[PDB]
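Look below for two forms of one protein chain, each set out as structure tokens: first structure 1, then structure 2.
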Structure 1
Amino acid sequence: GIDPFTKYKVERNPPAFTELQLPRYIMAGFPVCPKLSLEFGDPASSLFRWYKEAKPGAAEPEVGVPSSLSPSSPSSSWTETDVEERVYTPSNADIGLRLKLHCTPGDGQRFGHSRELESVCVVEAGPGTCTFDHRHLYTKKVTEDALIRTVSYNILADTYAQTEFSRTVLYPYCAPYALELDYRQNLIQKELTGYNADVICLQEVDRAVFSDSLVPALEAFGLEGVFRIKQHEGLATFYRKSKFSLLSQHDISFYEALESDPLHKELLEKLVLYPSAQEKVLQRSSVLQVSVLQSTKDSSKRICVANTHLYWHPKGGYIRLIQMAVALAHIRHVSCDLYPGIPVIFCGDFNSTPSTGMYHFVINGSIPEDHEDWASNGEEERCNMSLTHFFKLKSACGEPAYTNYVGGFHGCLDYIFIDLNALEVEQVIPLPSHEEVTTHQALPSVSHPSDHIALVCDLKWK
């Protein structure tokens, strides 16, 4: 009815849902993570109730009649479930059924008007096994305050997969349905949420994947994220709110920093002696995400979390060297100048195996001017120089046989680098066995949602 006090009153914007979406793909044993954009409220104080179709086909959609959210069907075609949580995980018994979510926005003090929506898909059977199933045995609980469970994962961008070409030439061994973004995202949501991690650094994140898949899944499990585009896709970093808050951000673009920031003046002076190499470096659009996190448990503890995806080309060794030199100089500035020497975690797809110049530089703190990678793409783009950096770094998950495994290539390209003076490794969550990885020849597969393998480790302060 009419509120008779509105003439006397300036009144609140009530809690209200401003996006409500269900996944377009749903599978038994995989969490259904609704997208909720909640204004003037929070999901934690909101109400959720899940319904399932009474039996397959029972809920016939109203023809031509509009809803702004979903199809609409008779209320009597639906059965109320047990589940009053934001996330619903279907069972085998749900196979063949559509789902319906009824939710009421709240802010802890009051509720706003409820909305409801139905899935357009039915629950499907899930894969028999996934490579992360055994790994999840190690990550059943959120870690204690003394630990930082850290993930690094290149999740394979739809913008590079989705293709018929990618399907027929790069990934011909993979079931086409398992290459589909919606299938891979459902696996990725289960994978990442099951790691129960504190810091998650991702690469090859499509913008829409960030907004529609990762944020809804990970925020349901207590993590918040930030995104930085490269060109067609980019980087994401998530952190567990119960253990960290985001204190500051210091993202850079390597070409932009190298040419315009006096921090890198000495490196730039070395490179201008090599016009052709310099041109190739400054044409690259790789970026570096840097997030300084404040511990919610200990006011004295802050950590510098960096994330990157370096230049991809096999002959791009000298470019990756220069990109990492810029990254580490920038990270030194943030972690040692803007903050007085805080620990560094540096995740990424570095597109560099352990035998490369870039890797040598990282773990030794220097590289000589005569290293062969200074002519990785031939004489004209040669750029011999000696570099040094400040850090004592080690790879927390070591040097696996590979972290990227496709039909035509495999190698260790991904690392979680840590400041070994400040952090140590409590445990490494084992990568899938070679026999697991090759069950469907290579990756991705019906059982594994990327062509890379997630690195997961538990770190501790020294």
Structure 2
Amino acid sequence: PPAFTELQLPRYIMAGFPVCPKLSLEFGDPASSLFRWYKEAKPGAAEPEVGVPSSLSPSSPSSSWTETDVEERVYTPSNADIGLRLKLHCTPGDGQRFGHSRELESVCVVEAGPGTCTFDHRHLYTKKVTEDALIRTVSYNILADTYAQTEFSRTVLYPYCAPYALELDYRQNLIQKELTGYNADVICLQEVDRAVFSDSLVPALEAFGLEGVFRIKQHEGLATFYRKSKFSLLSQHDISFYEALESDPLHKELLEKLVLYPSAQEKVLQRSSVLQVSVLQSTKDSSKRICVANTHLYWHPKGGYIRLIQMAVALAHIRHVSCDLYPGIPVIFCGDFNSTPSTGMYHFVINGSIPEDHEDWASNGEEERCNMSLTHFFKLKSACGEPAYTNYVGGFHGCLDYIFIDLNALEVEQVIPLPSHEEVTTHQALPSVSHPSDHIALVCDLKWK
């Protein structure tokens, strides 16, 4: 019979933010599920019930719960719901019949939420899922809780941020609203904690028709979500840069240059950055396949040469996947590259070459110097161009994030505008009560050329 193996409500609920249940189904179809939301009739009206003998069971359903008109999986509370607990009544189905109906109450009440978030204005451009000819693509470093909880992040990096707004539950509510509100097709995320993927992103995004894949780095990792109605996952080709550089003959030539600089070599091989690669097939035209890559490069401000080497590994691996394993399919390469447009790594991506005398070959000092020349054959451009910044914190700001696209195979139809400098600095810098990351999500609508 159709039955829920998992059924969970969020730990924290805010007015104007979606309540996304976590559910797992056995012997049933997800499109057959029935939902009905209830809210307390008054703040504190519903007292949790103890078990009573069946002969003294209630003669009528409790007057402490009010039936809402919401029959959707996701419920967004209004400000009129502040102080109420919620209750979801749901039934699993297989298309022919229904399993036993289930009920679940929230532990928390609906809290007041921020009156405005930076993505509200941006959401005015993404009210609908794009037409079959487009690919709405997102790239976003969502700031891992493993880092945000440290004393260094709380008191050194983000001391201006309201401490409650840096907490996982608050930021996950904002991130869930932000991402679902973009109505996107391809979502590439960085700094995804394992529990954030399983308990926050998967429940929210699967309710809006997206499926995700996760790749760990060390303490957090990368996620790629894709809209099931527009794409199917064909194959995965994830790598760790240090493993691929040392073991794979694809990077043979690069390693020959690097071994001439033992100090620079050791530094690169001790980095744990990974590359997530997913080959997707269009559900509308099976002849249209896309290679979606996602990364998070070395963070250090003076790590220029390391990012150059990691990018050189990434592009050689992407070449192999998109041009050897597949017959020259278009590339979408998202990430937090930790590289501004005036750097060597960015010059290398856009120009297809970098000379050996670039200042970035000595970015971390003389001991770790590794002058070399590099080339790649891809014709790539930044889909959202070069914003003034994509990362804005008290101590630094810069354009670090990109959606790189094969400029011969894809073109940009729309760039969802980033918040203004005034809006970004409302609470001095990021994150804030109104913005759930130190980075700003890149969103664009792409089309096949």
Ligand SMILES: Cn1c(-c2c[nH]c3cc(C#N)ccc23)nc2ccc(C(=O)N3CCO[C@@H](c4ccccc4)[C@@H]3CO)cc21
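By convention here, residues take numbers in order along the sequence of structure 1, the first being 1. Here the rigid core means the biggest group of C-alpha atoms that line up within 1.5 Å when the two forms are laid on top of each other.
Asker: Just one of these is the form solved without the ligand; is it 1 or 2?
Answerer: The chain shown first - structure 1 - is the form that fits the description.
Asker: Out of 75, 283, 231, 386, I need the residue that shifts by 2 angstroms or more at the Cα between structure 1 and structure 2, core superposed.
Answerer: Everything else stays below 2 Å; the exception is 75.
Asker: If the two forms are fitted on the core, does residue 400 show a Cα displacement reaching 2 angstroms between structure 1 and structure 2?
Answerer: No, shifts by less than 2 Å.
Asker: When the rigid core is used for the superposition, does residue 411 move between structure 1 and structure 2 (threshold: C-alpha shift of 2 Å or more)?
Answerer: No, the C-alpha position differs by under 2 Å between structure 1 and structure 2.
Asker: By the 2 angstroms cut-off, has the C-alpha of residue 164 moved between structure 1 and structure 2 once the rigid core is superposed?
Answerer: After core superposition, the displacement of the residue 164 C-alpha between structure 1 and structure 2 reaches the 2 Å mark, so yes.
Asker: How much does the C-alpha of residue 357 move between structure 1 and structure 2, in Å, when the core is lined up?
Answerer: Here the C-alpha difference is 0.6 Å.
Asker: For residue 64, what C-alpha shift in Å results between structure 1 and structure 2 following superposition on the rigid core?
Answerer: Displacement of the C-alpha, rigid core superposed: 10.5 Å.
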